[PDB]
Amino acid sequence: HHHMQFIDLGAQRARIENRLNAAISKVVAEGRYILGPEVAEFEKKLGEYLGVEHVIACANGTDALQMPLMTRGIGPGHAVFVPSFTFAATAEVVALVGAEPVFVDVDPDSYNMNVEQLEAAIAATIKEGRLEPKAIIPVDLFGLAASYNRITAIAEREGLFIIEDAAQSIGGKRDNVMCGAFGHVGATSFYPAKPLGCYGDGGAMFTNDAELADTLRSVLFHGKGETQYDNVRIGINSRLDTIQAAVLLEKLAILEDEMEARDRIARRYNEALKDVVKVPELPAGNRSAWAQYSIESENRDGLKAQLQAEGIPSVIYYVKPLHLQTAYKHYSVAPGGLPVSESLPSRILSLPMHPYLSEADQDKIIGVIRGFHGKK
């Protein structure tokens, strides 16, 4: 018997099984469970991969977005511009620090923050005069880099801080700049299903600013000052475990080949499916991390059921955009509302997508989708 996985961690582990065992056993034996050598080693190796001078490992990708807001003093009285079509963390951290998220729609093709509407949202916030614009958190949704040149042009006028939410986009790139290396600071997650993932919770932050890096390293260890005995700011506890850094070192050594595989797999879906469903085209000069391979379909509920009847898993990202969820629905939304974010949940679907998807399994998936849409 054979079967397919949505994101196949087992196939990946099989590839590097004994290397993972050794890396884990070394940490277990050495007894340096907190900030042991593998942590700094991973920060360095990931830094060179991404071309960023500073990598600050931490506990998870939510923490990774919160800490930069804390270092900038963002909090009560302050507005942070975020997509609604994203994972809750992007907006939640803004509320957690006492600031308000302001929700911006996404582009109907890239699923990433709409730049024109961002500009309008900032202008409306200034006109209302109740909050001060402080930051923008674009998301590289599904692995595809957001439009950082136009977003930064807006930030330049307004003095705003940009945090790249690269939770889903490690391995992605746009005109030879790696995802992670945009904005003032980048953030990611090593949640196990991400393109670069560990075997527990983990995260990191990225920046070329040495001062910002020093502040982040303070914040993640209770706001430690220049000495071991005096905390100079409010912080948190947000460390990447040595044991998870050891896992990540082995994941990182195969990430680039896996990115080639993902690109190959995505292109094969796009060429085979473009006439029956809406496919995620890769714009010139981009590589996506393909955290998800997301299509839009007529009768999407019908399609998903037929895929499951044929033993094919699929997932809807996202069922409820943030601005419609109870916790965030009272926060302000950009002028014009969020029609794209509101309508995508009725038609979007993510398909199995990982480096180990076989030709045969992909063919089967293609066949079911084409068949559903009346192709013989």
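Numbering starts at 1 and runs along the sequence shown.
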Between 114-122 and 138-146, point out the one with the higher average CA B-factor as the PDB entry records it. 114-122
Which is higher in the entry, the mean Cα B factor of 276-284 or that of 213-221? 276-284
Please pick out which of 268, 251, 262, 194 has the largest Cα B-factor as recorded in the entry. 268
Hey, out of 87, 229, 161, 182, whose CA B-factor is highest in the deposited coordinates? 229
Split the chain's modelled residues into thirds by Cα B-factor; is residue 256 in the lowest, middle or highest one? middle
Residue 48 - Cα temperature factor, lowest/middle/highest third of chain: highest
Assert third(CA B-factor, residue 78) within chain per record equals middle
State the tercile, meaning the lowest, middle or highest third, of residue 186 with respect to the CA B-factors recorded for its chain. lowest
Split into thirds by Cα B-factor across the chain's modelled residues, where does residue 96 land: lowest, middle or highest? middle
